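First, one chain by itself in structure tokens, the form deposited in one PDB entry.
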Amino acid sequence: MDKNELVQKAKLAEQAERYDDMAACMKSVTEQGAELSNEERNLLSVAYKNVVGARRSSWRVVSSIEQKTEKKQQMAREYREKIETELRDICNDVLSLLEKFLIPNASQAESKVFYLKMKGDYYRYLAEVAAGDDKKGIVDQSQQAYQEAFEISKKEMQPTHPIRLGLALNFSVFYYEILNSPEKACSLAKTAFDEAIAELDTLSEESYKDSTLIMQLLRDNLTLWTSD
């Protein structure tokens, strides 16, 4: 169909909580080669976040079972692998859209940071299930994506920008969960938070709720990565 029709259909899918449909619609919109509007951009994000999120959730469940178990463990192992394949395909799907459309077509700094963040995210998800002579590359792919987004965001965006704050959140999570570097993870989270807090006046009546939420998520991870 056409952009608007696909965008509305994707909105319907989301309402129906049918994120495969939503992701498929937004993928088709993206494949139309045109730079995505903020709305379309967010739809694509939300859709694949749910799609990958399911496999990620399932992966952890099965993974936690494969380890806590012979004939059973072999079955659980094969099932986990099955989920991983789904998980990876999804990630590679997103990452492909990012290399071919989103990142290149990103004209404004805002778009650039957003898609670079997304690239880091899904390489991070790949990293979550990476083991061996692929894990190292994957982890570095994510880091470099995050790092570039982080640089651009600091230079072109105010500390309270939802995209910048969201980047800090996920970048911090990457350092802790992927790189096993708590202090680095915490410092990044603490910095983004404190910087934003000191400048809550730059907020926008259309982004304040997004910014404030992300700030709460930042501190949450921070307290998590300290108490036990």
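If you superpose the two forms and keep the largest set of C-alpha atoms that fall within 1.5 Å, you have the rigid core. Residues carry their position along the shown sequence, with the first being 1.
For residue 220, the fraction of other compared entries lacking coordinates, among those that model flanking residues, is zero, nowhere near a third. Judged by the one-third criterion across other entries of this protein, residue 21, modelled here, is also modelled in every one of those that cover both its neighbours.
Unmodelled residues of the deposited sequence between neighbouring positions residue 69 and residue 70 number 1 to 3. As listed in the deposited structure, the average C-alpha B-factor of 60-68 and of 37-45 is greater for 60-68. Stretches 164-172 and 179-187 differ in mean C-alpha B factor, with the higher average recorded for 179-187. In the deposited coordinates, the residue among 119, 155, 100, 88 with the greatest CA B-factor is 155. When the C-alpha B factors of 93, 78, 110, 84 are read from the deposited coordinates, the top value falls at 78. Among the modelled residues of its chain, residue 6 has a C-alpha B-factor that falls in the middle third, as given in the PDB entry. Split the chain's modelled residues into thirds by C-alpha temperature factor. Residue 29 is in the middle one. For residue 205, the recorded CA temperature factor ranks within the highest third of the chain's modelled residues.
Sort the modelled residues of the chain by CA B factor and residue 197 lands in the highest third.
Another form exists, deposited in another entry; not displayed. Remarks below refer to it.
No residue in 51, 186, 43, 62 other than 186 shows a CA shift of 2 angstroms or more between this form and the one not shown after fitting the rigid core. Once you line up the core between this form and the one not shown, the Cα of residue 13 stays within less than 2 Å of where it was. Once both forms are overlaid on the rigid core, the distance between the two CA positions of residue 213 between this form and the one not shown is 2 angstroms or more. Once both forms are overlaid on the rigid core, the distance between the two CA positions of residue 31 between this form and the one not shown is under 2 angstroms.
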